[PDB]
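Here the structure is laid out as structure tokens; the discussion comes afterwards.
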Amino acid sequence: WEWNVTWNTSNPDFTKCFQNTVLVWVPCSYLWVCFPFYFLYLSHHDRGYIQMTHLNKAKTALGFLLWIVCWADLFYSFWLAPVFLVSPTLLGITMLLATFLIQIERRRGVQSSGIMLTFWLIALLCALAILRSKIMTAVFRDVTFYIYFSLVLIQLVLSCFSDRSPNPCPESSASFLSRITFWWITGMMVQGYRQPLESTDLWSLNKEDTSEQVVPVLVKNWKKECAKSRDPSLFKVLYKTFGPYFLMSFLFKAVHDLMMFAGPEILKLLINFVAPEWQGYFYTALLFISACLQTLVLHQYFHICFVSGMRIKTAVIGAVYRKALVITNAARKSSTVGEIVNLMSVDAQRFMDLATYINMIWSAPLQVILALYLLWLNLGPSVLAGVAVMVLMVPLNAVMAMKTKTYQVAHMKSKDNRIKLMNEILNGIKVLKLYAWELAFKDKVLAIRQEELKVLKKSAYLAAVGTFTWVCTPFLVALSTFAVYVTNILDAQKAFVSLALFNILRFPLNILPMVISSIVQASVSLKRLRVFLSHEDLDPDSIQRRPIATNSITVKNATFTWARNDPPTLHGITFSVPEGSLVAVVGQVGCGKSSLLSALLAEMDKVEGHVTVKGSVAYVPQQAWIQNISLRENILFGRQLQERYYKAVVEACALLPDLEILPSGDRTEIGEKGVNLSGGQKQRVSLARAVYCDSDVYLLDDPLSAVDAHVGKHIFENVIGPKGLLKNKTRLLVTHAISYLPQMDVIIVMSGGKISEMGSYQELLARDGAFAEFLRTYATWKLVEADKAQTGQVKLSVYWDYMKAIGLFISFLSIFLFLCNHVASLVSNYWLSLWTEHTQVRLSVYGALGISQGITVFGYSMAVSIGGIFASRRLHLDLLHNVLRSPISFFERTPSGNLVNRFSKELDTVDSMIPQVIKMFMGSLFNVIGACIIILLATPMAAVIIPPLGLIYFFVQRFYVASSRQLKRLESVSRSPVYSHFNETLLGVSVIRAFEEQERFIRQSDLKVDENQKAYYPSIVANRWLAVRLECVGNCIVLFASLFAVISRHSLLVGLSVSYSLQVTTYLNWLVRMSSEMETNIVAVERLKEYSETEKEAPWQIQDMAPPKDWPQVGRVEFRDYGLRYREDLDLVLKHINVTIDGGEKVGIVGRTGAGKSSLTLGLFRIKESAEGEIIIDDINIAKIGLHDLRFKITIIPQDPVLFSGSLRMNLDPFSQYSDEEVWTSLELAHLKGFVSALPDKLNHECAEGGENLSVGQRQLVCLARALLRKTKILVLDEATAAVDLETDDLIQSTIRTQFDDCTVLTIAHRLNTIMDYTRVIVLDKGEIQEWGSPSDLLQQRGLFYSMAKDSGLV
Ligand SMILES: Nc1ncnc2c1ncn2[C@@H]1O[C@H](COP(=O)(O)OP(=O)(O)OP(=O)(O)O)[C@@H](O)[C@H]1O
Ligand SMILES: Nc1ncnc2c1ncn2[C@@H]1O[C@H](COP(=O)(O)OP(=O)(O)OP(=O)(O)O)[C@@H](O)[C@H]1O
Ligand SMILES: [Mg+2]
Ligand SMILES: [Mg+2]
């Protein structure tokens, strides 16, 4: 090796020894270092074995022949030079390793081999170099090399084709080149360019990325962690679950780092070249191939990080779902629904963000410590000053990082609260609007959001300070280093060969703050998720659930408690129910009857006892849980359809007439929460679902409380009673009605939480006890609309909405600071680059401009972020207004997964992602403008080609967004259902656990997450594909310029026209990518604004048509016809009703279940707009009155008692306009004073999510108490005495008559004994007033009211 023949001569020729040693050691060596490592992948990852094909054999045979040929050389050498022995033998054995490797790759099922192809490419290049040398030299050993080269070339061509396999994702069958360049998606790219992409065009998820192949692994690792603990560290299972695949990104990152620092070296040598021409010709090809390899390796790395992050999100969502399924009630109360929604919606987004920066945590300092080494051999140990200054920032910024962490914690917590509150608003929206409480809860959510945004603003301030100090650190590194060095000297050369590296070193310092912020957010997320996954899970084992002694349900001294901290609810429970025995659990409000049933379901923590429940359990919750599936799928509940039994169950449960009056019968969609159905129909559907599932034990909790006497008797005789379908099954019937007690085989009285009395009706009527006194006293359609993805470019109105929310001043402040920051850098660059009194009057200028840059970097960092606070403060508020203003029909048709999506994930994207992405987009755009100015001032003749360079880039940008947006849109549209499922799963956890349908719901959640990732994975693959092409465009303008600067070296600066072209292509690549990122992120604002155009309710307050202050003073409600139609696709439910309710008239709207009684109440409050007719209350038409002017003047006690999570006093009046003394009085007339007073927290008692902390009787009492609090001249009593005992029932009626004595009251009830005291009643059968007079007159008429009183036992 000497420079005369290798570099100095115009003939590019290697030396003979170099040819025979290094050129042969390179490829053989590559396979030797990779071979061992490759067994790891070949072993850990398997896909079967490929069959015997001609291609595989062709490759194997050529591997055998190639080895022979190489050993044939050793034979001829055996037949002086030392290299003529070792080299042929080494090549033969590495060749024997190559053929063995394709053999084992066949065995392990790999169609395209990256190793073989790259290995053959390197061998080919080495052979090409020797080939050219051997053909320039000119039989004996040359012909062996020609045979070797031809065989190697054919082997390389063969290695490109993909072998046979052992809406599929093309990656599973793509060739090696297709996957290294992400070509397997280009088909969807052009498709997505001709028509908008839909979910149908999207490919099915890869097997490795599928939820049921990812979540289980994480669950198993977590279970192994917990076993070791008996705290379990979530981080341990994380890398024990995601490192085996992620660690290859370390190799890709290292290779990319090495080659990205090697590239500029080649650039500098090339621009120094403009040294025989060949030198530059080689220089440009080497630079081109190194750049292309850099892009490919960096981009496969990015893909690995993104796929690992997506798998992390899938695993986190699945684990959260499973834990929520197995969670206990105490932990479920502790970890609110908002917290679970945050964990599964944006907590894994933090991990996804981390996945891109967890590889930079070691790369940044690697480049840093190298630059110090480059600077060292450049200058000397004076850098001790520089390293110290850089080190000083680490703790200083870490201190702030710690502070930021706290903020994030608080922030995350505030977020949970907000989401939890929103969930309550979604669940009790009908009650919220009926009570005119939309404004109060809007203000509550606004206060929570303001607190969360203040915390986020402080966190953004600290992040801006950290970014500022990190950006000013390198300027200090230099300033301090030169400062100590002067006290050799700083020759313009030595001094400035150090400044260039300082700029190179400032890259990691600029990227660090992002890494720190992502790590802090991911650490907070890990903490929240580890705390959740470590929550106590209820033990089913506690209830010996023996399969089918004959004592179906036996209990021995059970002390069940809802939580360990709280006192036990069940005190010494002990009873034994024989098989097939009808059991009624009677009692007053809040005595643990539903607690007893949930204790038999293992939903209650057992302090001590022995409970054995034998046989399958079928449970019906007092509040019926209904999913979005139709009635047939609700009754089936994932069961095989048997028409003979399904029809019998439907007919027996008195559900047939309701199906007759339903539009599509039993196939019509039923709504997210059963809001389509009535209370009685909901209860009947839940009971029929339990009955159809043939179980051995049926725990019925008030299944006939919301149905009339006739339908209740029909159901009991045909389903529950001794002559019903359930006659052979043990049945625990928790009921308050005592009409069916004589039929009961065993009656258990639950008083104070314990078994006060046990026996039959005839046994308890002779004991002469408390229950004896109680008995003596006798007192398809497709309703839901799924999320829709917009088809087209996002409207510029969305960008305007995000800009006008930020504000004019903040927007220009930010644009001006961006422009100033990038101008300052360009001045600093021009002051150093071209202009390279120097000491003190030039290096200082570099520091001065540099500091002037950092402050501006700080400036917009504090200007965009606060803008992100402003817009998120507006975008949410309008949304919070827009959602509430929407009518009840909107919440009916829109599932509670779109509304949660806007408030959880799209809002999060608006909060944090969009401001940062806007910041980076503005930075890239101004960088491109600055580069355009730079290359315009220098060589203005080149300005002709500047627009074309941009034009082509523009086209690529367009060609990409037309697909990319849709993918993002589809991702959001594919994410809305998942939330819904969680909500549904969170609403009916007890039902799912009791029916043992946990596995089916787990599979449904896996399917929904699989759809979401089917939408999301093509998005990241699209980013990679676009990026490869964009960077390749640059590398093919760098090489092309590098070519045109070496073709014009002695002709009319060319060398700076490459280093200009490359920088302009880079800036352009970043610009096209960041514009695509901003365009995709604006989809979040476009989904938030989607609800703005949604039709909403009538104006809340009509100023002109305001009623008098004392408007309902008479309360003379007068319907004219008031036809009611929920949607303009169904039949009327209030066809031509004419009532003339007088002032202060006790009127009772009684009728059969599902007749339209509560539709009257919904129409009185204008909740559902009238189809034909009007209501003139006190000579004032409500159609004309303002919405609040109507709803604030009329009280209602809703059928479904919903208590929003929070303080009990907050539930009684969220407006907080009643004094605590008055609220105490209102609780006293509700017969709840004792219960609230024995509570440890008194009125500040925290109600659970949806009020589950209280019994439904106590929730009805709370509704009555808040009705007493309002107490206007119109009271609507929508079945208030529906799930309360007879003693409480009469107490409620007594106080109602007492307090509501001079106000018009419209009472809908199935208990006719509460309506006989009413002056007149309204009888409803099919939305028609059949009988309209006094109850005595109707009884004389012997009509339908008489019959209803007959089934009620009142005659
Ligand atoms: N939110 C709703 N949207 C559309 N239709 C509904 C809704 N709620 C009930 N319906 C339907 O309207 C009809 C009357 O319902 P409504 O609840 O007014 O009857 P009801 O006799 O008062 O019932 P219940 O006895 O259970 O209180 C039924 O066909 C019912 O399924
Ligand atoms: N999830 C819960 N956590 C804690 N306490 C609860 C919970 N659910 C109910 N309770 C309380 O436990 C007691 C008994 O509740 P339970 O619903 O079993 O009573 P009940 O007599 O069956 O009610 P109802 O008369 O309304 O049918 C009440 O004080 C109630 O507020
Ligand atoms: Mg109950
Ligand atoms: Mg009703």
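Just so we're on the same page: first chain in the structure tokens is A, next is B, and so on; residues restart at 1 for each chain, and ligands are numbered from 1 in the order they show up.
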List the neighbours of residue 784 in chain A out to 9 Å using only C-alpha atoms; skip same-chain residues closer than 6 positions along the sequence, and give me the result as a ChimeraX atom specification. /A:628,669-672,892-895
Item checked: Within 9 Å of residue 277 in chain A using only C-alpha atoms, minus same-chain residues under 6 positions, as a PyMOL selection string -> chain A and resi 10+1046-1047+1049
Q: For residue 932 in chain A, list every protein, DNA or RNA residue within 9 Å, evaluated using only C-alpha atoms, and leave out those in the same chain fewer than 3 positions away; present the list as a PyMOL selection string.
A: chain A and resi 927-929+935-937+943+946+1064
Run DSSP on the backbone and give me the residues of range 25-195 of chain A it puts in helix (DSSP H, G or I), as a VMD selection string. chain A and resid 25 to 44 54 to 78 83 to 107 114 to 137 142 to 160 170 to 172 176 to 180 183 to 194
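Taking only C-alpha atoms, the non-local environment of residue 150 in chain A within 12 Å (same-chain residues fewer than 6 positions away omitted) comprises residues 62, 65, 66, 69, 120, 123, 124, 127, 128, 131, 143, 144, 156 and 157 of chain A.
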Rows by chain and residue number, chain A within 6 Å of ligand 3, shortest pair, only C-alpha atoms and all ligand atoms, as a Markdown table:
| residue | atom | partner | partner_atom_place_in_ligand_line | distance |
| --- | --- | --- | --- | --- |
| A:593 | CA | ligand 3 | 1 (Mg) | 5.7 |
| A:594 | CA | ligand 3 | 1 (Mg) | 4.2 |
| A:1255 | CA | ligand 3 | 1 (Mg) | 5.3 |
| A:1256 | CA | ligand 3 | 1 (Mg) | 5.8 |
Could you give me, as JSON lines, a per-residue list for chain A showing, wherever an atom lies at most 8 Å from an atom of ligand 1, the closest pair of atoms and their distance in Å to one decimal, using only C-alpha atoms and all ligand atoms and sorting by chain then residue number from low to high?
{"residue": "A:658", "atom": "CA", "partner": "ligand 1", "partner_atom_place_in_ligand_line": "29 (O)", "distance": 6.6}
{"residue": "A:661", "atom": "CA", "partner": "ligand 1", "partner_atom_place_in_ligand_line": "29 (O)", "distance": 6.3}
{"residue": "A:662", "atom": "CA", "partner": "ligand 1", "partner_atom_place_in_ligand_line": "29 (O)", "distance": 6.0}
{"residue": "A:675", "atom": "CA", "partner": "ligand 1", "partner_atom_place_in_ligand_line": "1 (N)", "distance": 4.7}
{"residue": "A:676", "atom": "CA", "partner": "ligand 1", "partner_atom_place_in_ligand_line": "2 (C)", "distance": 4.2}
{"residue": "A:677", "atom": "CA", "partner": "ligand 1", "partner_atom_place_in_ligand_line": "31 (O)", "distance": 4.0}
{"residue": "A:678", "atom": "CA", "partner": "ligand 1", "partner_atom_place_in_ligand_line": "17 (O)", "distance": 3.9}
{"residue": "A:679", "atom": "CA", "partner": "ligand 1", "partner_atom_place_in_ligand_line": "26 (O)", "distance": 3.8}
{"residue": "A:680", "atom": "CA", "partner": "ligand 1", "partner_atom_place_in_ligand_line": "26 (O)", "distance": 3.6}
{"residue": "A:681", "atom": "CA", "partner": "ligand 1", "partner_atom_place_in_ligand_line": "26 (O)", "distance": 5.8}
{"residue": "A:682", "atom": "CA", "partner": "ligand 1", "partner_atom_place_in_ligand_line": "26 (O)", "distance": 7.6}
{"residue": "A:706", "atom": "CA", "partner": "ligand 1", "partner_atom_place_in_ligand_line": "26 (O)", "distance": 6.0}
{"residue": "A:707", "atom": "CA", "partner": "ligand 1", "partner_atom_place_in_ligand_line": "25 (O)", "distance": 5.9}
{"residue": "A:708", "atom": "CA", "partner": "ligand 1", "partner_atom_place_in_ligand_line": "25 (O)", "distance": 6.9}
{"residue": "A:889", "atom": "CA", "partner": "ligand 1", "partner_atom_place_in_ligand_line": "3 (N)", "distance": 7.3}
{"residue": "A:892", "atom": "CA", "partner": "ligand 1", "partner_atom_place_in_ligand_line": "1 (N)", "distance": 6.8}
{"residue": "A:1126", "atom": "CA", "partner": "ligand 1", "partner_atom_place_in_ligand_line": "4 (C)", "distance": 5.5}
{"residue": "A:1127", "atom": "CA", "partner": "ligand 1", "partner_atom_place_in_ligand_line": "4 (C)", "distance": 7.8}
{"residue": "A:1133", "atom": "CA", "partner": "ligand 1", "partner_atom_place_in_ligand_line": "13 (C)", "distance": 6.1}
{"residue": "A:1151", "atom": "CA", "partner": "ligand 1", "partner_atom_place_in_ligand_line": "21 (O)", "distance": 6.4}
{"residue": "A:1152", "atom": "CA", "partner": "ligand 1", "partner_atom_place_in_ligand_line": "21 (O)", "distance": 5.7}
{"residue": "A:1153", "atom": "CA", "partner": "ligand 1", "partner_atom_place_in_ligand_line": "25 (O)", "distance": 3.2}
{"residue": "A:1154", "atom": "CA", "partner": "ligand 1", "partner_atom_place_in_ligand_line": "21 (O)", "distance": 3.4}
{"residue": "A:1155", "atom": "CA", "partner": "ligand 1", "partner_atom_place_in_ligand_line": "21 (O)", "distance": 3.5}
{"residue": "A:1156", "atom": "CA", "partner": "ligand 1", "partner_atom_place_in_ligand_line": "18 (O)", "distance": 3.3}
{"residue": "A:1157", "atom": "CA", "partner": "ligand 1", "partner_atom_place_in_ligand_line": "22 (O)", "distance": 3.4}
{"residue": "A:1158", "atom": "CA", "partner": "ligand 1", "partner_atom_place_in_ligand_line": "22 (O)", "distance": 3.8}
{"residue": "A:1159", "atom": "CA", "partner": "ligand 1", "partner_atom_place_in_ligand_line": "18 (O)", "distance": 3.6}
{"residue": "A:1160", "atom": "CA", "partner": "ligand 1", "partner_atom_place_in_ligand_line": "18 (O)", "distance": 6.6}
{"residue": "A:1161", "atom": "CA", "partner": "ligand 1", "partner_atom_place_in_ligand_line": "18 (O)", "distance": 8.0}
{"residue": "A:1162", "atom": "CA", "partner": "ligand 1", "partner_atom_place_in_ligand_line": "18 (O)", "distance": 7.9}
{"residue": "A:1199", "atom": "CA", "partner": "ligand 1", "partner_atom_place_in_ligand_line": "27 (O)", "distance": 6.9}
{"residue": "A:1278", "atom": "CA", "partner": "ligand 1", "partner_atom_place_in_ligand_line": "27 (O)", "distance": 7.5}
{"residue": "A:1279", "atom": "CA", "partner": "ligand 1", "partner_atom_place_in_ligand_line": "27 (O)", "distance": 7.2}
{"residue": "A:1308", "atom": "CA", "partner": "ligand 1", "partner_atom_place_in_ligand_line": "22 (O)", "distance": 7.3}
{"residue": "A:1309", "atom": "CA", "partner": "ligand 1", "partner_atom_place_in_ligand_line": "27 (O)", "distance": 7.8}
{"residue": "A:1310", "atom": "CA", "partner": "ligand 1", "partner_atom_place_in_ligand_line": "25 (O)", "distance": 7.3}
{"residue": "A:1324", "atom": "CA", "partner": "ligand 1", "partner_atom_place_in_ligand_line": "21 (O)", "distance": 7.6}
{"residue": "A:1325", "atom": "CA", "partner": "ligand 1", "partner_atom_place_in_ligand_line": "21 (O)", "distance": 7.9}
{"residue": "A:1327", "atom": "CA", "partner": "ligand 1", "partner_atom_place_in_ligand_line": "14 (C)", "distance": 7.7}
One residue among A:1270, A:323, A:965, A:1245 is nearest to residue 1192 in chain A when using only C-alpha atoms, and that residue is A:1270
request  = Kindly indicate which residue among A:1054, A:597, A:862, A:1284 lies nearest to residue 1257 in chain A, using only C-alpha atoms for the distances.
outcome  =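 Result for the nearest residue to residue 1257 in chain A: A:1284.
Straight-line separation from CA of residue 201 in chain A to CA of residue 963 in chain A: 11.7 Å.
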Next on the checklist: Which residue is closest to residue 777 in chain A? Choose from A:738, A:237, A:1212, A:629 and count only C-alpha atoms.
Outcome noted: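 Closest residue, counting only C-alpha atoms: A:738.
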- Task: Mind checking which residues fall within 8 Å of range 1028-1044 of chain A, counting only C-alpha atoms, ignoring those fewer than 3 positions away in the same chain, and posting them as a ChimeraX atom specification?
- Result: /A:181,270,281,284-285,287-288,291-292,295-296,299,953,956,1024-1025,1047-1048,1054-1055,1057-1059,1061-1062,1065-1066,1069
Would you save the residues from that selection as an mmCIF file, in the first residue's frame, using C-alpha atoms?
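Wrote again-v4.cif, looks like this:
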data_model
loop_
_atom_site.group_PDB
_atom_site.id
_atom_site.type_symbol
_atom_site.label_atom_id
_atom_site.label_comp_id
_atom_site.auth_asym_id
_atom_site.auth_seq_id
_atom_site.Cartn_x
_atom_site.Cartn_y
_atom_site.Cartn_z
ATOM 1 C CA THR A 181 -37.417 0.951 1.208
ATOM 2 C CA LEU A 270 -14.895 16.652 -1.966
ATOM 3 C CA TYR A 281 -15.492 10.937 -9.290
ATOM 4 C CA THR A 284 -19.044 11.652 -5.180
ATOM 5 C CA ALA A 285 -20.047 7.993 -5.566
ATOM 6 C CA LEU A 287 -20.718 10.218 -0.617
ATOM 7 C CA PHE A 288 -23.859 9.195 -2.511
ATOM 8 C CA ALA A 291 -25.846 8.998 2.271
ATOM 9 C CA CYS A 292 -28.280 6.420 0.882
ATOM 10 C CA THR A 295 -31.078 7.153 5.195
ATOM 11 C CA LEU A 296 -31.961 3.457 4.930
ATOM 12 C CA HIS A 299 -35.184 4.925 8.719
ATOM 13 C CA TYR A 953 -40.926 18.694 -3.457
ATOM 14 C CA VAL A 956 -44.368 14.879 -3.174
ATOM 15 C CA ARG A 1024 -41.129 6.157 6.498
ATOM 16 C CA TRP A 1025 -42.030 5.732 2.808
ATOM 17 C CA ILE A 1047 -17.105 18.194 -13.905
ATOM 18 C CA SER A 1048 -16.519 21.958 -13.587
ATOM 19 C CA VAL A 1054 -19.267 25.421 -7.595
ATOM 20 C CA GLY A 1055 -17.862 23.597 -4.527
ATOM 21 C CA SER A 1057 -23.070 24.951 -4.742
ATOM 22 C CA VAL A 1058 -23.020 21.336 -3.424
ATOM 23 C CA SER A 1059 -22.794 22.187 0.282
ATOM 24 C CA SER A 1061 -27.645 22.097 -2.500
ATOM 25 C CA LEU A 1062 -27.383 19.492 0.256
ATOM 26 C CA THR A 1065 -32.502 19.617 0.145
ATOM 27 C CA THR A 1066 -32.272 18.793 3.906
ATOM 28 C CA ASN A 1069 -36.957 17.346 3.418
#
Find, counting only C-alpha atoms and all ligand atoms, the residue in A:373, A:645, A:482, A:562 that gets nearest to ligand 2.
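Comparing A:373, A:645, A:482, A:562 against ligand 2, the winner is A:562.
Between CA of residue 966 in chain A and CA of residue 179 in chain A the separation is 22.7 Å.
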Spatial neighbours of range 877-883 of chain A, 7 Å, only C-alpha atoms, chain gap at least 6 places, as a short mmCIF file (atom, residue, chain, number, x, y, z; two decimals) with C-alpha atoms, in the first residue's frame:
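Dumped to out_7.cif:
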data_model
loop_
_atom_site.label_atom_id
_atom_site.label_comp_id
_atom_site.auth_asym_id
_atom_site.auth_seq_id
_atom_site.Cartn_x
_atom_site.Cartn_y
_atom_site.Cartn_z
CA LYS A 442 -69.79 23.48 32.46
CA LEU A 1088 -63.16 19.12 17.73
CA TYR A 1091 -69.52 19.37 16.67
CA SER A 1092 -69.84 23.10 15.94
#
